[PDB]
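First comes one chain, alone, set out as structure tokens in the form deposited without its partner chain.
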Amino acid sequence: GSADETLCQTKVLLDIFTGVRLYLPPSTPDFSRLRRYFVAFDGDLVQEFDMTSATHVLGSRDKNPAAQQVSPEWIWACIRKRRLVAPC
């Protein structure tokens, strides 16, 4: 858990995914916030079948190999780091 420890602050948001365009999948856990939260921070979210121009992608990249194959742990480590960390 981390989320509960991080999002424990209403949505916390910080300059994590700062400009980080990661494709947040709907199948991803905590998506609810993950989405609003992420894009909220100041980044952007592209729909799986919509990334071509995207920048980041949660779990896989296919839809957009030009994006970043980050995970749920990245968001936390990122948001918490206040600076986009190693996407993976």
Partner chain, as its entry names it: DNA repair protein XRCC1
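Residue numbers count along the first chain shown, from 1.
A second form of this protein, the form deposited with its partner chain bound, is not displayed here; the remarks below concern that form.
S.K.: Can you tell me whether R36 touches its partner chain? I mean in the entry with it bound, with a 4.5 angstroms heavy atom cut-off.
M.R.: Output for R36 is yes: heavy atoms within 4.5 Å of its partner chain.
S.K.: Is there any non-hydrogen atom of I79 lying within 4.5 Å of its partner chain in the entry with it bound?
M.R.: Taking the distances in the entry with it bound, the answer for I79 is yes, it comes within 4.5 Å of its partner chain.
S.K.: Is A66 a contact residue for its partner chain in the entry with it bound, using a 4.5 Å heavy atom cut-off?
M.R.: No, no contact at 4.5 Å.
S.K.: Can you work out whether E48 and its partner chain are in contact in the entry with it bound, taking contact to mean some heavy atom pair no more than 4.5 Å apart?
M.R.: Because no heavy atom of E48 falls inside 4.5 Å of its partner chain in the entry with it bound, the answer is no.
S.K.: For the stretch 41-59, which residues lie within 4.5 Å of its partner chain in the entry with it bound by non-hydrogen atom distance?
M.R.: Residues within 4.5 Å: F41, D42, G43, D44.
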